[PDB]
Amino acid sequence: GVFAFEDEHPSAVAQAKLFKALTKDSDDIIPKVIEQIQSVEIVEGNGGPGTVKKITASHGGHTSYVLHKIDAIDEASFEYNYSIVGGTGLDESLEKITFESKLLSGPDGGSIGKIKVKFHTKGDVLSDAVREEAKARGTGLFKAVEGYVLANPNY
């Protein structure tokens, strides 16, 4: 099945500024802000739709890793979608997880990031722990990037 969940994250950061950090500069930000994440390397691609990246997090004894595919980037509507297509960080019960982000405008020139996470299960059931852990991990990357942009006016 395909299980979809949605959250909204208001932010004081302007859409265009948050969108650029989310889509062009997140490879440099995420490793800086998240301790565990050691590196972000491009496996194939030029940064646009279709690019595959390997993100390595130090722990789980020595390591862990996940592979992300960028599915879509739409500057006009501030939509950014990516999938976790593999890696030890993708639970065995799942085919893939997709994150769809859209930055709506919020009060005071801020943003409201609508984040929908879709779980592509192998079967008919979705574990609660699997759902919760993946949502936290995806929300944490959004926050790492948004928090960085807040703390660094002009970067």
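The first residue of the shown sequence is 1; numbering continues from there.
> Looking at the entry, does 59 to 67 or 100 to 108 show the higher mean C-alpha B-factor?
It is 59 to 67.
> Please compare 126 to 134 with 28 to 36 and name the stretch with the higher mean C-alpha B-factor in the deposited structure.
Here the higher of the two C-alpha B-factor means belongs to 28 to 36.
> What third of the chain does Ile73 rank in for C-alpha temperature factor, lowest, middle or highest?
Answer is middle: the recorded C-alpha B-factor places it there.
> Tell me, lowest, middle or highest third: where does the Cα B factor of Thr51 rank within its chain?
It belongs to the lowest third of the chain when residues are ordered by C-alpha B-factor.
> Among the modelled residues of its chain, does the C-alpha B-factor of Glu95 lie in the lowest, middle or highest third?
As the PDB entry reports it, the C-alpha B-factor of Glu95 lands in the lowest third of its chain.
> Just say lowest, middle or highest third for the CA B-factor of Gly45 relative to the other modelled residues in its chain.
According to the entry, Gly45 has a C-alpha B-factor in the chain's lowest third.
> Can you tell me whether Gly89 has a C-alpha B-factor in the lowest, middle or highest third compared with the other modelled residues of the same chain?
Its C-alpha B-factor belongs to the highest third of this chain's values.
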